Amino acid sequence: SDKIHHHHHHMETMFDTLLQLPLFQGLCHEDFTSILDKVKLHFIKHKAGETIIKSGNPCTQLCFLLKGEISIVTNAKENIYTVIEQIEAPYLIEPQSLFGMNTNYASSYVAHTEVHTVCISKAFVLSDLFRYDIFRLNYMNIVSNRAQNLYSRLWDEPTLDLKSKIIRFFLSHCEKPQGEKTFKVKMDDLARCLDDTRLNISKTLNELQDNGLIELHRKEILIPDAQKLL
């Protein structure tokens, strides 16, 4: 297919993106380059607003965000709430979804701005990348960290008031406690989730809004910077 390729500039972009991610840590430039040589890279541009990946569809590749901003969009069971979380390049999408019993994407990913991604097929990951000890160690570390962090949270001390309960509810449904998040949730549903009442929840949400930590809209809570909840 009609193609322009300047390999030096191509690899610089890779050095500036993929090589900066934990999956590629511990690799010198030359080895990183040799590893990418052997795989088919699929570069795909998406317009603002376009769905890059849809939850429930099979994950059959490692997709990397190279440039731009995306939104992770994750629905609770029966869509009782939806969390929208902003992510900036560079980023590896759901490394955990490449393996296991459910090899479907757990969340949807939407182009917030114009976005550039690159994908590598699961076949190339297993057959090529996983044959190198550093790559497989790095991958194993990523997925184990996720399992360790999620497990650890089961054993925390409990929250002691509604404001801390609410804050924990927010933070525990974020991949990272920094940046903008929106929770789309009707009041009836939120009350049920927190096992409290509309009136108590309403009061507490208004205190948070008054202290500049969230904004309240129709069936929607904006968290401009989740770090400020810590």
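Residues carry their position along the shown sequence, with the first being 1.
Mind pulling up the entry and telling me whether 46 to 54 or 196 to 204 has the higher mean Cα temperature factor? The stretch with the larger average C-alpha B-factor is 46 to 54.
Higher-scoring stretch by recorded Cα B factor average, 96 to 104 or 140 to 148: Mean CA B-factor is higher for 96 to 104.
For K40, return the chain-relative third of its C-alpha B-factor as stated in the PDB record: lowest, middle or highest. According to the entry, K40 has a C-alpha B-factor in the chain's middle third.
Ranking the modelled residues of this chain by C-alpha B-factor as given in the entry, is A89 in the lowest, middle or highest third? Middle third - that is where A89 ends up once the chain's C-alpha B-factors are sorted.
Chain thirds of CA B-factor: placement of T182: For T182, the deposited C-alpha B-factor lands in the lowest third.
Which third of the chain does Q61 land in by C-alpha B-factor: lowest, middle or highest? Within its chain, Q61 is a highest-third residue by C-alpha B-factor, going by the deposited values.
Taking only the Cα B-factors deposited for this chain, tell me whether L213 sits in the lowest, middle or highest third. For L213, whose C-alpha B-factor we compare with every modelled residue in the chain, the answer is the highest third.
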